[PDB]
Amino acid sequence: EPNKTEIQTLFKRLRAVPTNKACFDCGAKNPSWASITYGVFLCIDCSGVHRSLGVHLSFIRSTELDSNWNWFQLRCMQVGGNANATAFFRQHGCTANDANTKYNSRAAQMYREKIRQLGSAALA
Ligand SMILES: [Zn+2]
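Convert by adding 3 to the 1-based position in the sequence shown; the result is the number in the authors' numbering.
Rendered as C-alpha cells:
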C-alpha cells in the first residue's frame with residue numbers, strides 16, 4: 004500500500020499542474036480535496052457539496068489530511084485531473100454548474116466508468 008512519502012510526492016506533482024489549481028466545480032484556488040470518482044480536485048466548500056451527492060455519485064477524500072489512499076485511488080487522480088474531466092464533460096454534453104445536475108449527467112456516468120478503466124489499466 005502506498006506510504007506517506009509516495010502519496011505526498013505524487014500530489015505535489017499533480018497539484019503543480021495549473022489546471023489542477025482551480026476547483027473543478029467553482030474555480031476556487033488551490034483545491035486540496037479530491038473526488039476520486041472523477042479524478043478531480045475540489046475546494047473545501049465543494050467537497051461538502053459532494054458529500055450530499057452520496058458515495059455512489061462522488062467518493063471524496065482529502066489529498067492533504069488523509070493518508071488512506073490506495074494505489075488505484077492515486078492512479079484515478081493521475082489518469083484524471085481537472086483538464087481531462089472538464090474536456091470530457093463538455094464533449095459529452097454537460098456544462099451544467101449545478102452539482103446535482105452535473106453529477107447525474109450522462110457525461111458524469113460515462114466518465115466515472117472511464118476513470119475506473121484508465122485507473123485500473125494504470126496499475127503495475
Ligand atoms: Zn469549489
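Note that beta-carbon positions come from the ideal geometry of N, C-alpha and C, so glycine has one too.
- When DSSP states are grouped into helix, strand and coil, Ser61 belongs to the coil group.
- By the CB criterion at 8 angstroms, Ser61 and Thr40 fall inside the cutoff.
- In the DSSP annotation of this structure, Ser35 is not part of any alpha helix (DSSP H), being labelled neither H nor E.
- Annotation: the continuous beta strand (DSSP E) that includes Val43 extends over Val43 to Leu45.
- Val82: member of the alpha helix (DSSP H) spanning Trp74 to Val82, first to last residue.
- Burial state of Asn33 is exposed, judged by a 10 Å Cβ sphere holding fewer than 16 other Cβ atoms.
- Contact between the region 69-87 and the region 48-55 is absent: fewer than 3 CB-CB pairs across the two stretches fall below 8 angstroms.
- Short of 7 angstroms from the beta carbon of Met113, and not among the five residues preceding or following it, lie these beta carbons of its own chain, in chain order: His95.
- Sequence-distant Cβ neighbours of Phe14 in its own chain, meaning closer than 7 angstroms and more than five residues away, are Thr66.
- Nearest Cα to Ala86 within the set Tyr106, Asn6, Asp28 and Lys7: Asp28.
- Rounded to whole angstroms, the gap between the alpha carbons of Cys79 and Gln11 is 15 angstroms.
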